[PDB]
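Here are the chains, one letter per residue:
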Number of protein chains: 2
Amino acid sequence: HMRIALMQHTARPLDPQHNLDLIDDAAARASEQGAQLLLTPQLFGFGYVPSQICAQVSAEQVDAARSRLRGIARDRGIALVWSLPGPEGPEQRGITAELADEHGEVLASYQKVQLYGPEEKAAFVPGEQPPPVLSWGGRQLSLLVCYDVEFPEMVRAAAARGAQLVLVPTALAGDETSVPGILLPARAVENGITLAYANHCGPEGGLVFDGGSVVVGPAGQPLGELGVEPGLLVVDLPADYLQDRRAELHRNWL
Amino acid sequence: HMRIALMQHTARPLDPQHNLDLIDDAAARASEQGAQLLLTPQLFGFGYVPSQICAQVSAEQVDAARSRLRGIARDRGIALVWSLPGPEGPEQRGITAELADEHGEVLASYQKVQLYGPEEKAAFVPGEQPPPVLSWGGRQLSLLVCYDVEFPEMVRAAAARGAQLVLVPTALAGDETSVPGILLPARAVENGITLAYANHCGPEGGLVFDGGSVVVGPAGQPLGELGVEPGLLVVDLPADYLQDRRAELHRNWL
């Protein structure tokens, strides 16, 4: 009863009309295939160029891209998860992920807690709030962004609040096979949840993104996967760690 | 500069002279191969029979097996990690793991925090202390027992205190491939540490143990592995998650 899509593509740095036109095209193709939600990659709208987003992308330009993405969700009739800089000035915003429903209503907004490397840490403010968890489509959805999912604590924070399906815009480059190969399957099994991971692919902003977008089910197995080329992955989704964990002790030992 | 051994074998329920004679034999063979430490499986001395340990194994019998195991470490000249019931009466003790050095000195004792299933929870008291971390052989070692390693929080507790090599007596049955296949490699990569896992194998106490004893290095790869038959595995051991994790937030979100 739930069919999701993941958009894997290459963005052009600082060209939102080009990158959002790719998202519009993917949303229309996902909807034609009966997908009910489209997940898109981290910072796709402006490309994964942290220092140049900080230097050249204004709050007004981010708000115009956000309005365009709400319009795509409404006009293509499909829920949409995107990732842009946050709405504040360039010196105060983070990296965010948002979910709009097929009506264009923004159901949830999350600010990336675990920034990756010095360029992100200079260009963005880290989030301070736990991942949101909300009902959509018959299950509890949640959002995280790229490096967050590599911390078991961030996925456990979502699953502790009831998450069953964690959606992760990503921008993973450098042939980092261990993230989708080793960490994502453990995040699924150690919580009993499904995770969807939508990456860039190909050369962008001086990096070569890995592609490898994937949906991993609760037994850690891929339900669908892409390679290194652009694509639109469409997947039909079908003792106990969460109860047994001694959280009152663990919280004191981190 | 560090060579370790793991003993994978079948125990006989409630027959410590038989099971400790197997450990003595493995310790002598490990030492002949220049191993400096031998890791043995969970509750091997009495077999993995929780309800019968609670019903029939006295504090005196546990203390005699402990004295025998300290003697093996000394007399075979090899550090030894074993796992017995704890030293208290049958209604107050837990499942423990201990490390003795090659002099027979007990360096560390740990009580299993995460008991597995209702039979363990009736037969044993859970530990309340974090895993120990200590220098041995040129690195920081730590101890956990079976189900503990399946909680990222338990391995992160050890790595937060400096652990580099986590030694895990186990008793994993039922063809639970996801533990060594999916979870152990993530525990290694998400902390940057090595883990050694020594299981029973074959039918014992009405269960069929999986074998699959393994040492996994920090990239999640097996450095050595056994299948389903008894054996003695001998292995020569050769952005940053531990610093970057926002532990002050994670501790509030578990």
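Rules of the game
- Residues numbered from 1 in each chain as written, not as in the entry; some residues may be left out.
- Chains lettered and ligands numbered in written order.
- Heavy atoms only, no water.
- Helix = DSSP H or I, 4+ residues; strand = E, 2+ residues; numbered from the N terminus.
- Buried < 20%, exposed > 50% of the residue type's maximum accessible area, 1.4 Å probe, protein only.
- Axes fitted to C-alpha atoms, helices over the stretch in contact; angles between N-to-C directions.
- Left-handed = near helix turned anticlockwise from the far one by under 90°.
- Contact = heavy atoms within 4.5 Å.
- Nonpolar A, V, L, I, M, F, W, Y, C, P; charged D, E, K, R; others polar.
- Pairing = 2+ DSSP bridges.
- Least-squares fit on C-alpha atoms.
- Core = buried A, V, L, I, M, F, W, Y, C linked by side-chain atoms within 4.5 Å.

The PDB entry lists chain A under the name Amidase, with Nesterenkonia sp. 10004 given as the organism.

Another point: unusual backbone geometry. Excluding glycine, most residues fall at negative phi; most peptide bonds, likewise, are trans. Residues and elements named next belong to chain B. Phi angles above zero are rare outside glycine, and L43 is one such case at about 50°. Summarising the element assignment, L43 is placed in the loop between strand 2 (37-39) and helix 2 (50-56). In this model, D175 sits at a positive phi of 60°, which is unusual for a non-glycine residue. Within the fold, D175 resides in the loop between strand 8 (165-169) and helix 6 (178-191). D175 sits in the exposed class, given a relative accessible area of 65%.

Turning our attention to the packing of helix 5 (residues 152-160) of chain A against helix 5 (residues 152-160) of chain B. Between helix 5 of chain A and helix 5 of chain B, whose axes approach to 10 Å, the crossing angle comes to 145°. In this structure, helix 5 of chain A meets helix 5 of chain B at a crossing whose hand is left-handed. Residue-level contacts link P152, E153 and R156 of chain A of helix 5 of chain A to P152, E153 and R156 of chain B of helix 5 of chain B. Of the residues assigned to the contact of helix 5 of chain A with helix 5 of chain B, the class counts are two nonpolar, no polar and four charged.

Our focus in this paragraph is the sheet that holds strand 14 (residues 231-237) of chain A. Strand pairing in a sheet relies on backbone hydrogen bonds. The paired strands run either parallel or antiparallel. Residues and elements named next belong to chain A. If you trace the six strands from one edge of the open sheet to the other, you get 5-4-3-2-1-14, paired in mixed fashion. Only two strands of the sheet have a single partner each, and these edge strands are strand 5 (106-111) and strand 14. Here the strands of the sheet are splayed against their neighbours by 15° on average, with no regard to which way each runs.

Turning to the relation of the copies chain A and chain B, a few remarks are in order. Superposing chain A onto chain B requires a rotation of 180° together with a translation of 0.0 Å along the rotation axis, leaving an RMSD of 0.0 Å. Here the two chains are linked by the operation of a two-fold rotation axis. Closest approach to the rotation axis among the C-alpha atoms of chain A is made by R251 of chain A, whose C-alpha sits 2.3 Å away. Most of the interface of chain A is mirrored in chain B: 100% of its interface residues are interface residues there too.

Attention now moves to the environment of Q61 of chain A. Residues and elements named next belong to chain A. Tracing the backbone through its elements, the reader meets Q61 in helix 3 (residues 59-75). On the basis of relative accessible area, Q61 is assigned to the partly exposed category, the value being 40%. Sequence separation between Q61 and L167 is 106 residues; the distance between their C-alpha atoms is 25 Å.

Burial of helix 5 of chain B is extensive: eight of the nine residues sit out of reach of the surface. Residues of helix 5 of chain B that are buried include every one of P152, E153, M154, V155, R156, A157, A158 and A159 of chain B, and no others.

Another point: the nonpolar core. In this structure, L37 of chain A together with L37 of chain B are the most contacted members of the largest nonpolar core, which totals 179 residues. Other than its neighbours up to four places away in sequence, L37 of chain A contacts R3, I4, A5, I78, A79, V81, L99, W136, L141 and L167 of chain A.

Residues and elements named next belong to chain A. Mapped onto the fold, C201 is located in strand 10 (residues 201-204). By relative accessible area, which is 0% here, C201 ends up buried. For the pair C201 and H9, spaced 192 residues apart in sequence, the C-alpha separation works out to 5.5 Å. Not counting chain neighbours up to four residues away, the residues in contact with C201 comprise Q8, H9, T10, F209, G211, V228, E229 and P230.

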